[PDB]
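Please note: Cβ atoms are built from the backbone with ideal geometry, for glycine as well, and neighbour counts cover all protein chains shown. Bear in mind that the values in this text are calculations on the coordinates, not laboratory data.
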Amino acid sequence: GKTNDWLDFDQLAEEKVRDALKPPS
Amino acid sequence: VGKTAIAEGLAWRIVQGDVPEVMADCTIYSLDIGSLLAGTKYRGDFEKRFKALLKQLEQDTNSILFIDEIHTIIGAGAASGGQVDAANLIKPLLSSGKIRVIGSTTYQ
Amino acid sequence: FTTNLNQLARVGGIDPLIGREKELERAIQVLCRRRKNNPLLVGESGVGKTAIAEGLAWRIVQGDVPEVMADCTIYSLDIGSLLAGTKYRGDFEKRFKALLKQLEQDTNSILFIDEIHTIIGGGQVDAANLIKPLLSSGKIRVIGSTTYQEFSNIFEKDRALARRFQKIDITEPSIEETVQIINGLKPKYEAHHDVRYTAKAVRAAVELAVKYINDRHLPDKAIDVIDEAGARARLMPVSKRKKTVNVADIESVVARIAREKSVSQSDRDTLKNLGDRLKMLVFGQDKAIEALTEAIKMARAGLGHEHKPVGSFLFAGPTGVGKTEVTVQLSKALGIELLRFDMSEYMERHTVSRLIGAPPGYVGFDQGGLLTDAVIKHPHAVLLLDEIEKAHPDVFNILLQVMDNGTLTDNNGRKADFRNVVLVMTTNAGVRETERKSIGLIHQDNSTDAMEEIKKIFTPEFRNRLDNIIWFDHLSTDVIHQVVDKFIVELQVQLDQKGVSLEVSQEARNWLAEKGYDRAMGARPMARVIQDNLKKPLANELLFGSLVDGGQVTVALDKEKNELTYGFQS
Amino acid sequence: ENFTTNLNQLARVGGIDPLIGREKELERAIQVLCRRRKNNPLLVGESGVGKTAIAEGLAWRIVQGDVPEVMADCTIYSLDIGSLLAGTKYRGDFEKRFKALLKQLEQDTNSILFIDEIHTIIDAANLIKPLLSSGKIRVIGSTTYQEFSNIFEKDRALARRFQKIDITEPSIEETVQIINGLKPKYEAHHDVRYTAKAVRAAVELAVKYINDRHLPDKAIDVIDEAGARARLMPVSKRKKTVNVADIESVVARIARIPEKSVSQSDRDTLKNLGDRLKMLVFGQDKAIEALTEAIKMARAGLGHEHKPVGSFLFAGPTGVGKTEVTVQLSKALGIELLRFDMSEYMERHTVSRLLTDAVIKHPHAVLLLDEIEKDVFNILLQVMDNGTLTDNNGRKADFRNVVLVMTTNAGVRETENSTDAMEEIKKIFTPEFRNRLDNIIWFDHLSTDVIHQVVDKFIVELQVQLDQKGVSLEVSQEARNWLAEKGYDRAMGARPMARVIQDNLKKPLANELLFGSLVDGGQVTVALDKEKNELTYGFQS
Ligand SMILES: Nc1ncnc2c1ncn2[C@@H]1O[C@H](COP(=O)(O)OP(=O)(O)OP(O)(O)=S)[C@@H](O)[C@H]1O
Ligand SMILES: Nc1ncnc2c1ncn2[C@@H]1O[C@H](COP(=O)(O)OP(=O)(O)OP(O)(O)=S)[C@@H](O)[C@H]1O
Ligand SMILES: Nc1ncnc2c1ncn2[C@@H]1O[C@H](COP(=O)(O)OP(=O)(O)OP(O)(O)=S)[C@@H](O)[C@H]1O
Ligand SMILES: [Mg+2]
Ligand SMILES: [Mg+2]
C-alpha cells in the first residue's frame, strides 16, 4: 500500500491576569 | 551548587579578615523582596521604601547589597497604571555604577 | 532631564570620537534630507552605535561637518527620570511639548533619544509611543538607536515610525580601529585603578577577546577585559602594590573569565598521555585512540577551522567494541563533562522541539531546548550522540549547522558555541553480517564489506563534514584476555566494599576467556560469563555463607573436570 | 481622535505624493464605494510604503473629485495598529479603544477607516469580526499576500465583507512610467536638477539582482538619494550634476557589490567573463571555453524561451576540478548558488516540489545535482520541454533566467579493460535528454601540471598559517607529488586530495607545538626517500 502519516495537535498556553488595588490615602 | 554560600560566605571571610584590603570594609546586606511588599498597600510606598534603601547605598559608597533571586524584581509590585517596577527604579543607578549589587539565580 | 551636548563638548567631559567616519557621513546624509530625516542606528550591544550618536555632536564644535549642521544641537532624553517624575498622568506630555517647541522653532536642532525601543512598548509609555510620530509630522528630526532584534519587533509592525526613520547599518570595528578607540577611555581606568597599561597589553586584549569571548562583540568586550586587568593589580597582588602590568596578567583575566596558551605541565600530561591512558582502559583500538587524540591535539595547537568544532567523529562498528566506552573514558581523562544523548528517543520529527525548544507561548516553552541549555551550561563538553541513524533525518540538518559554524539558535534566540565541544557520534550501520559462511568443507572469512552501509544510510555531504569516520574492528583473542582483567578488577572493587578479597589464577582467566569468547557478540559476553561463574557463587556465599562477614577467595580450575574450583576460607 | 488622520482634508492644500497612472486600477476602488452592501474596498498585494500608495493615492482622488456628485462627497481616515499596540502591557486594551473610537467617529454613515498591517491582529481580533458586518464604517486594510491568504480566506465574515483588489508587479517597460509621473514632484522635493535619462539606468539592479525590494519602492529611495548625496557631498562646491556614476555609489554600498557592476558594464562583463573565469579557477581551458560559450548564449535571451537558459553537463570523477568550478562559477557572477543533490533530495517532501520560500528569491540559481548518475532522469524531462516547476501558486518555472548544472560521476564508477567515459552517459541517461542537451563538456582527465598548482593552494594556506605562529614549512616539490599520488585515485578521482593535508601532514606538525622537540621551530626538512615511498619529518632550532 502506502505509508501512514500522523499529524500532531499543537497546544498553546493561555493565562488570565488578576489585579491589585491601592487606596490613594 | 553553592551560589548563596558564596555570597553570604563573603561576609564571613570579611569579618575573619582573609580578604583583599579593598573589600576588607564592606557592609554587606541582604535585600528581602517580601519585606518591601508587606507595607505597599498605599500608592507610592514601594517607591519611597526602595528609593530610601538605594539612597543609603550611594551616600555610603561602600555598602554592597546582595539581592538573591534577581528575577523576582523584574516583575515586582505594580498595582496599576504607574508600572513602577523595582527593576525600573534600580536600572539607572546600576548603569552609573555607584551602587554594586550581587545577584544569584538558577540557569532556567 | 536634558543635556546640551554642545556645552559638554566645550567642557571636554565626553570622550572624543575616533574613527567611524563612514558611519557619520551616512547618518548626516539622511538627516539633512527633507524626508527620512530621522536616522536610526542598528547595532548589537556594545558595538559603538551610542558613541557614534554622541561623537557627531562633538564633531560640531570641531567644525569638520557642514556649516549648516553647526546650528544643530543634540539633546539626550532622560527616559528614566521622566518616568519617575510623574504623580497622576500627563507629566511627560507637558514637558515633551516644550522641548519639541524649541526643536520646531529651530528646525536645525536634533533630539537624540537613547534606547528608542523602550519608548515603544506604564501610562506614560502608552503616550510616548504616539507622541513621537504625530507631533513631529516627519519634519522635526530625531535620532534613534535600537538593536537588530528590537528593530524587527518594534519598527516592522507599526511601519509609521519606520517610514519616517531611515536605518544606517553598523559593522564591528577593525582590529586597528579597536586599539585607537580604546585609547580614548584608557586614561580613565588607569587613574582610578592606579595602574599602567603597556602598548603590548592592549594588543593582546583584542586577539584574546575574539578567540575566547567571540560571543560578545569585540569593541565593548575590549573595554571590559582591560577593566578587569586593572582591578587585578589593585587586589590580586596582596603585597608590593605592583603597578606596571603587561600581557601576562591580561591572559590571566581573559582566559580565566572565558575559561589557553603557554601550556602548563598539568595540561601537557593531560594531552601527552591521553592516548596511552585510553589504551589501558580500552584494548585493541590503538588505531581509533590515536586518531581521536590527534584531532584533539590539532585543536589545542590551533591547526584547525576556527568556527568549526575541535573534532567530529563517527564510531561505526560491531557490538561490544567499546565505541561508547572510549567516549566516556575520554571525558574522564580530559576532565570535560560528557553530555550523553540517546537518539532513539529523538526518532520523530516533532521531538526536534526538545532539542531547540518549543515554540514561544506553548505550555512547555519554559523548559527550553535540551541541547542549547546543556551546552551553554557546560561550554567545554563531549556531545555523545549515540545511535544517530535511529533518529529522524531532521536532526541531521541541525547537526550540519554545528559542523559548519559551531552555532545553534533556539526559539529564545540564544547563540551557543561548539568550538570547544568534541562532537562524537556512534552508529550501527554495519552490525549486520553474513551468518552464512562459505558452503564448503572448510570455512572462509566471507565477512560483509566495511563502510558500505555507512555510505547508504548517511548522505555524502554529512560524511564530508565529519573529520574522520573511525571503523572499529572485531576484538582479537588476545584482546579478550585483557578485557577479562579489567572486569576482574571491577569485581574486586565490589567485593572490597563488602570486605571480601578475591584472587583469580592466571589459568582460570584463560579458561573463562575461551568459554565466553564470541567474535560476533563482542566483549559484553565476557561480563556475562564472569557473572555466571564468579558473581553467582560468591553472591550465595556472601548472603547465606561464610563470605557474609568477609573472606579470602581463591579460584582455580581442575584439569580433569575442566571446571572452576572455588575455595572459601573466611 | 488620537489615532485619526484626515487624509482627505489634509490633501486639500497638498502634501500627498501624487501617484500618476493606475487609473484603471482605481476604477474598482470607486466601484466598491457605490455598492449598497459589501462596499468594503480592500487592497491586497505586497510592498512596503508602496502597497499603501494605492490607498494614499486614492486620498488625492477624493479631493480632485471628477466622480459622481453623490460619491464625490466623502472622507477617509487612517489608524495605526502599532500606535495602540505599544505600551498597553496587557491583552484586550487595543480592542477596548477600538470600540471607544466610535463615540467620536460616529458622525455620519459615509466614511472610510484605513488600517495598516491588519494581518498582525488576525491583537485579539475578536471584536474586528462584528464591526465588519455592521457596515457603518468602511475599511481599507493593507497587508501582505501569503499571510493574508492563510487566515482571511479560511474565515467567512472577513472574506465576504471585503472586495479583494489584487495588485501586480509592473513589467520592465511599464516601470518607466512609474517614475515619470513622480519625476517633476521629486524635482521640487529637493529643488536640484537630475538627469532624465538616468532614471532608465536605475533599473539594472532593481529588476532581478535584489529580489527583496519592489520596483516602486526601489525607485522612490534611489533617485532621491542620488540627488541628495551629490547635492550634499561637496559642501564647499555647489553642484546639481547627477548621473549614473552617482547612482553607483549609493547602490554599491547598500547592495554590497562592485561599483563597476552597477555601471553599464553588461557588454564589458560579457567580454570580461572569459578571462575573469580563468583567473578564479586554474586550468580547465577547454571546458571553460565551452562553458563561457554556453553562458554567452544564456545571457542573450533572444531565442527560444521555453527551453532552459542552459544545461551544463560534465562527466568527471569527483575532485578533478568539477565541483570546484561551482564555487568560482557563482563567485564571478555574484549570485547565490543552490546545492540540492538529487539523490539526497529525492524524498517526497522535495521531489514533488521540483525549500518553500527561499527558491522564489533566486534570479540565477545554479542548481547542483550530485550523484544524479547513480526515475531521476525522467523527472527532468518536463523541465526541459516546458520549463515548469510545481509550487503553491503553480506559476511557470524560472528556467528562462536560471540554469541547472548537473554533474555526472559514472565514467570510472562503472568499471576500471573498461569502456570510455562517453559510453556510460549514453546508457544511463534517457534518449530525450541526450538529444535535447545543448552540449557535453568533459572533466574525465585533469592536466598533470594543473594538479600540482591546485595542491600548492592548500599548502599555501597551511604555510601562511604556520608563518603566523612563527615557523616556516618547506614542502619540496618532490614531497608535493606524494601528496597528489595517494590523494589521486582513478576510481574516486582526486577527491581524497582535498583533506590529504589535514590528516597526513597537519597531524604530526601539531603535536610538535604542544609537546615535543621544539614548541616553536621551523625549517622543516621535508623529503621523500625510496625505502618505502613515504614522507620525512625533521627540524631544528
Ligand atoms: N562551597 C560551599 N562551602 C560551604 N557550604 C556550602 C558550599 N556549597 C554549598 N554549601 C552548603 O550547601 C547549601 C546548598 O544550598 P545553597 O548553596 O544555599 O543553594 P543555591 O546554590 O543558592 O541554589 P538554590 O537553587 O537557590 S536553593 C549552602 O546553602 C550551604 O549550606
Ligand atoms: N567609535 C568610538 N569612538 C570612540 N569611543 C568609542 C567608540 N565606540 C565606543 N566608544 C567608547 O566605548 C563606550 C561604550 O560603547 P557604547 O557605544 O557607549 O555602547 P553601546 O553600543 O551603547 O552598548 P550598550 O552599553 O551595551 S547599550 C562609549 O561610551 C565610548 O566611551
Ligand atoms: N574494546 C574494549 N575494551 C574494553 N572494554 C570493552 C571493549 N569493548 C567493550 N568493552 C566493555 O563492554 C561494554 C561496552 O559498552 P558500550 O561502550 O556501550 O559498547 P558499544 O560497543 O558502544 O555497544 P553497541 O555497539 O552500541 S551495542 C563496557 O562494559 C566496556 O567496558
Ligand atoms: Mg539557594
Ligand atoms: Mg554504544
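What's the total number of residues in the range B:1-36 that are assigned to a helix (DSSP H, G or I) and surrounded by fewer than 16 Cβ atoms within 10 Å (Cβ to Cβ)?
The initial filter retains those residues of the range B:1-36 that are assigned to a helix (DSSP H, G or I), namely B:3-16, B:33-36.
If we keep only those that are surrounded by fewer than 16 Cβ atoms within 10 Å (Cβ to Cβ) as well, we get B:3-6, B:8-9, B:12-13, B:15-16, B:33-35.
Going through the range B:1-36 one residue at a time, the tally reaches 13.
Got a sec? Which of C:30, C:68 is buried (at least 16 other Cβ atoms within 10 Å of the Cβ) and in a helix (DSSP H, G or I)?
Working: C:68 fails: buried (at least 16 other Cβ atoms within 10 Å of the Cβ).
Result of the check over C:30, C:68: C:30.
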Given (1) under 24 Å from residue C:118 (Cα atoms); (2) among the hydroxyl-bearing types (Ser, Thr, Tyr); (3) within 16 Å of ligand 4 (Cβ to nearest atom), residue B:106 misses just (1)
From the residues in the range C:380-408 that are assigned to a loop (DSSP other than H, G, I, E, B) and within 21 Å of the chain's Cα centre (by Cα), which one is farthest from ligand 3 (Cβ to nearest atom)?
C:407
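In the range C:255-268, what residues are surrounded by 15 or more Cβ atoms within 10 Å (Cβ to Cβ) and closer than 22 Å to residue D:520 by Cβ? Steps first, please.
So in the range C:255-268, the residues surrounded by 15 or more Cβ atoms within 10 Å (Cβ to Cβ) come out as C:255, C:258, C:260, C:263.
Within the range C:255-268, C:255, C:260, C:263 qualify.
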Note on residue C:46: of the conditions (1) closer than 30 Å to residue B:81 by Cα; (2) within 14 Å of chain B (Cβ to nearest Cβ), unmet is (1)
The range B:54-71, subset of a type outside the set (D, E, K, R) and either surrounded by fewer than 16 Cβ atoms within 10 Å (Cβ to Cβ) or within 16 Å of ligand 5 (Cβ to nearest atom) (or both), residue nearest to residue C:124 (Cα to Cα)
B:71
Criterion violated by residue D:193 - all others in (1) surrounded by 15 or more Cβ atoms within 10 Å (Cβ to Cβ); (2) more than 18 Å from residue D:20 (Cβ to Cβ) satisfied
(1)
Determine, yes or no, whether residue C:337 is within 30 Å of residue C:527 (Cα to Cα), away from chain D (no Cβ under 14 Å) and touching a strand residue (DSSP E or B) at 6+ places or on another chain (Cβ under 6 Å).
yes
Among all residue pairs at least 6 apart or on different chains, which show Cβ distances below 6 Å where the first residue, located in the range B:46-71, is on the phi > 0 side of the Ramachandran plot and the second is not small (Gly, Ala, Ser)?
none
State all residues of the range C:4-21 that are surrounded by fewer than 21 Cβ atoms within 10 Å (Cβ to Cβ) and within 19 Å of residue C:68 (Cα to Cα); if no residue qualifies, say none.
C:4, C:6, C:7, C:9, C:21
Qualifying positions in the range D:174-198 - more than 15 Å from residue D:230 (Cα to Cα), part of a helix (DSSP H, G or I) and away from chain C (no Cβ under 14 Å):
D:176, D:177, D:178, D:179, D:180, D:183, D:184, D:197
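Residue C:496: under 30 Å from residue C:570 (Cβ atoms), surrounded by 12 or more Cβ atoms within 10 Å (Cβ to Cβ) and away from ligand 3 (no atom under 15 Å from the Cβ), yes or no? Full working, then the answer.
Details: under 30 Å from residue C:570 (Cβ atoms): yes; surrounded by 12 or more Cβ atoms within 10 Å (Cβ to Cβ): yes; away from ligand 3 (no atom under 15 Å from the Cβ): yes.
Against the criterion (under 30 Å from residue C:570 (Cβ atoms), surrounded by 12 or more Cβ atoms within 10 Å (Cβ to Cβ) and away from ligand 3 (no atom under 15 Å from the Cβ)), residue C:496 qualifies.
Could you list all residues from the range C:368-403 that are at positive phi and out of contact with any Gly (no Cβ under 8 Å at 6 or more places or on another chain)?
The one that is at positive phi and out of contact with any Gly (no Cβ under 8 Å at 6 or more places or on another chain): C:387.
Report, by residue number, each residue of the range D:72-90 that is more than 16 Å from residue D:117 (Cα to Cα), within 8 Å of another protein chain (Cβ to nearest Cβ) and not aromatic (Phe, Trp, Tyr). Even if it seems obvious, please write down each step before you answer.
Within the range D:72-90, the first condition is being more than 16 Å from residue D:117 (Cα to Cα), and the residues that meet it are D:72-76, D:87-90.
When the remaining residues are screened for being within 8 Å of another protein chain (Cβ to nearest Cβ), the result is D:87-90.
Selection gives D:87, D:88, D:89.
Consider residue C:303 carefully, then state whether it is more than 16 Å from ligand 2 (Cβ to nearest atom) and under 30 Å from residue D:512 (Cα atoms). So that I can check it myself, show each step before the final result.
Details: more than 16 Å from ligand 2 (Cβ to nearest atom): yes; under 30 Å from residue D:512 (Cα atoms): yes.
Yes: the conditions hold for residue C:303.
Output the residues belonging to the range C:494-508 that are more than 46 Å from the chain's Cα centre (by Cα) and not aliphatic (A, V, I, L, M). Quick ask: steps written out before the conclusion?
Restricting attention to the range C:494-508, the residues satisfying the condition of being more than 46 Å from the chain's Cα centre (by Cα) are C:500-508.
Within the range C:494-508, C:501, C:503, C:505, C:506, C:507 qualify.
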Answer from D:252, D:202 - the residue that is surrounded by 15 or more Cβ atoms within 10 Å (Cβ to Cβ) and in contact with a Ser or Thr (Cβ under 9 Å, 6 or more places away or on another chain)
D:252
Filter the range D:232-284 down to the residues that are assigned to a loop (DSSP other than H, G, I, E, B) and closer than 30 Å to residue D:451 by Cα and list them by number.
D:281, D:282, D:283, D:284
The condition from (1) more than 16 Å from ligand 2 (Cβ to nearest atom); (2) in a helix (DSSP H, G or I); (3) surrounded by fewer than 13 Cβ atoms within 10 Å (Cβ to Cβ) that residue B:95 misses is numbered (1)
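For a quick check of your reading: which helices (runs of 4 or more DSSP H) sit entirely within the range C:449-517 and have at least 2 residues that are more than 20 Å from residue C:318 (Cα to Cα), within 14 Å of chain D (Cβ to nearest Cβ) and more than 16 Å from ligand 4 (Cβ to nearest atom)? Walk me through how you get there before you give the answer.
On the way: elements: C:452-457, C:460-465, C:477-497, C:506-516.
Result: C:460-465.
Taking the range C:291-320, which residues are in a helix (DSSP H, G or I) and either closer than 20 Å to residue C:404 by Cα or at the interface with chain D (Cβ under 9 Å from one of its Cβ atoms) (or both)? Outline the logic, then answer.
Residues of the range C:291-320 in a helix (DSSP H, G or I): C:291-301.
Correct list: C:291, C:292, C:294, C:295, C:296, C:297, C:298, C:299, C:300, C:301.
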Restricting to chain A, what's the tally of residues that are within 14 Å of chain B (Cβ to nearest Cβ) and either surrounded by 10 or more Cβ atoms within 10 Å (Cβ to Cβ) or in contact with a strand residue (DSSP E or B) (Cβ under 6 Å, 6 or more places away or on another chain) (or both)?
2
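Looking at B:48, B:91, B:55, B:41, can you tell me which residue is more than 24 Å from residue C:115 (Cβ to Cβ) and within 13 Å of chain C (Cβ to nearest Cβ)?
On the way: B:91 fails: more than 24 Å from residue C:115 (Cβ to Cβ); B:55 fails: within 13 Å of chain C (Cβ to nearest Cβ); B:41 fails: within 13 Å of chain C (Cβ to nearest Cβ).
Answer to the check: B:48.
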Mind listing just one residue for me: the one in the range C:314-345 that is under 24 Å from the mean Cα position of the chain (by Cα), more than 9 Å from ligand 3 (Cβ to nearest atom) and buried (at least 23 other Cβ atoms within 10 Å of the Cβ) and, of those, nearest to residue C:520 (Cα to Cα)?
C:314
Long-range neighbours under 7 Å by Cβ, at least six apart or interchain, first residue under 14 Å from residue B:27 (Cβ atoms) within the range B:1-13, second part of a helix (DSSP H, G or I) and within 8 Å of ligand 4 (Cβ to nearest atom)
none
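Tell me, please, whether a residue that is farther than 28 Å from residue D:224 by Cα, away from ligand 3 (no atom under 16 Å from the Cβ) and either assigned to a helix (DSSP H, G or I) or not small (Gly, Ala, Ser) (or both) can be found in the range C:34-48.
Just the residues of the range C:34-48 that are farther than 28 Å from residue D:224 by Cα, to begin with: C:44-48.
Filter once more, keeping what is away from ligand 3 (no atom under 16 Å from the Cβ): C:44-48.
Next, only the ones that are either assigned to a helix (DSSP H, G or I) or not small (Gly, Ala, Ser) (or both) stay: C:44, C:47.
Yes: one or more hits.
Select from the range D:204-223 the residues that are among the polar types (S, T, N, Q) and within 17 Å of residue D:244 (Cα to Cα) and list them in ascending order.
None - no residue of the range D:204-223 is among the polar types (S, T, N, Q) and within 17 Å of residue D:244 (Cα to Cα), so the list stays empty.
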Quick test for you: out of C:140, C:110, C:116, pick the one residue that is crowded, with 21+ Cβ neighbours inside 10 Å and more than 14 Å from every other protein chain (Cβ to nearest Cβ).
C:110
Just checking, which of B:64, B:73, B:90 is within 16 Å of ligand 1 (Cβ to nearest atom) and not hydroxyl-bearing (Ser, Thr, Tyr)?
B:73
